[PDB]
Amino acid sequence: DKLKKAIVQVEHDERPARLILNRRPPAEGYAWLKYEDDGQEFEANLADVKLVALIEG
Amino acid sequence: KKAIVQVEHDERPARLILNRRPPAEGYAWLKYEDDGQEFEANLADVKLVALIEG
């Protein structure tokens, strides 16, 4: 019913990533994401990020 | 202290309900800030706005 932890799957620059929920935004409307293909964390303007899926961690 | 993921649907602010399982892949449950109504949305039609971190 209930997800205890969730992964917010997104896309940025054509690549699958997830939002890092526990890292503060660097600027208004931005967030840190982690790309799935290399595990690197980077800042993104949320206006340029598409939501893909919500699944259990 | 839970994270809050702020979005917009039909130009109205809302949040993703992070603790409720979606019924279908690429969909989710959202709650409008203005009336508290919970509803199903296709994430393709949902704009991400801000993160309040956990």
Side-chain angles (χ1 to χ4, degrees), chain A residues 3 5-57, chain B residues 3-54:
Chain A
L3 307 188
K5 300 259 166 288
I7 296 163
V8 180
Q9 304 182 277
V10 304
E11 191 173 289
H12 182 266
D13 273 3
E14 249 84 295
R15 295 161 67 190
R18 65 183 66 188
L19 287 195
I20 301 166
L21 300 177
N22 65 355
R23 206 175 155 175
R24 82 192 277 197
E28 184 182 24
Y30 280 61
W32 289 93
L33 316 187
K34 181 163 51 169
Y35 282 125
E36 309 287 352
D37 58 3
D38 69 9
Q40 294 316 284
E41 307 195 355
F42 65 107
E43 27 190 292
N45 184 336
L46 291 177
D48 293 333
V49 174
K50 176 160 49 51
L51 282 156
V52 178
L54 176 70
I55 62 175
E56 184 167 48
Chain B
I4 292 166
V5 170
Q6 293 175 334
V7 300
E8 275 169 16
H9 178 254
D10 294 340
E11 300 131 82
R12 298 160 63 188
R15 77 171 174 85
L16 279 193
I17 306 171
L18 297 171
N19 71 342
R20 189 172 166 195
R21 281 181 195 268
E25 190 180 69
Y27 289 72
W29 299 104
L30 272 62
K31 180 181 190 70
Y32 283 126
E33 299 291 345
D34 58 13
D35 63 11
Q37 177 175 92
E38 311 185 3
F39 68 100
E40 191 184 23
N42 185 330
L43 297 163
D45 298 323
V46 171
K47 174 167 105 165
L48 213 41
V49 174
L51 176 65
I52 299 180
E53 72 285 2

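Side-chain atoms are counted along with the backbone in the values below, which use heavy atoms only and exclude waters and symmetry mates. In what follows, chains carry the letters A, B, and so on, assigned in the order in which the sequence lines appear, proteins first and then strands, with residues in each chain numbered from 1.
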Practice task
Ignoring hydrogens and angles, tell me if any N or O in the side chain of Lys31(B) forms a donor-acceptor pair with the backbone of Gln37(B) under 3.5 Å.
Solution key: no
Completion exercise
Closest non-hydrogen atoms of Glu40(B) and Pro23(B), given as atom of the first, atom of the second and distance, are OE2-CG, 3.4 Å
Completion exercise
Between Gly26(B) and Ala53(A), the two heavy atoms sitting closest are N-CB, 4.2 Å
Inter-residue atom distance [X].[atom1] - [Y].[atom2], 0.5 Å rounding:
| X | Y | atom1 | atom2 | result |
| --- | --- | --- | --- | --- |
| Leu46(A) | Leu48(B) | CG | CG | 4.5 Å |
| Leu54(A) | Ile7(A) | CG | CD1 | 9.0 Å |
| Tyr27(B) | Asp45(B) | OH | CG | 8.0 Å |

Exercise for the section: List, by chain and then residue number, the residues other than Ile20(A) in its hydrophobic cluster (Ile/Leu/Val/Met/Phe/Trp/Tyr, side-chain heavy atoms under 4.5 Å); write none if there are no others. Expected result: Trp32(A)
Check whether any side-chain heavy atom of [X] sits under 4.5 Å from a side-chain heavy atom of [Y], and report yes or no.
| X | Y | value |
| --- | --- | --- |
| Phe42(A) | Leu33(A) | yes |
| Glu56(A) | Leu3(A) | yes |
| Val5(B) | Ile52(B) | no |

Problem - Those residues that, when tested against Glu36(A), pass side chain to side chain donor-acceptor pair (under 3.5 Å) (two or more places apart) - result: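 Residues passing side chain to side chain donor-acceptor pair (under 3.5 Å) with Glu36(A): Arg18(A).
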Handout entry: Counterpart residues, side-chain contact (heavy atoms from CB on, under 4.5 Å), relative to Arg15(A) (two or more places apart)
Key = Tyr35(A), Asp37(A), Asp38(A)
Problem - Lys/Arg-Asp/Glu bridge criterion (N-O < 4.0 Å) met for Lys47(B), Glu11(B) - result: no
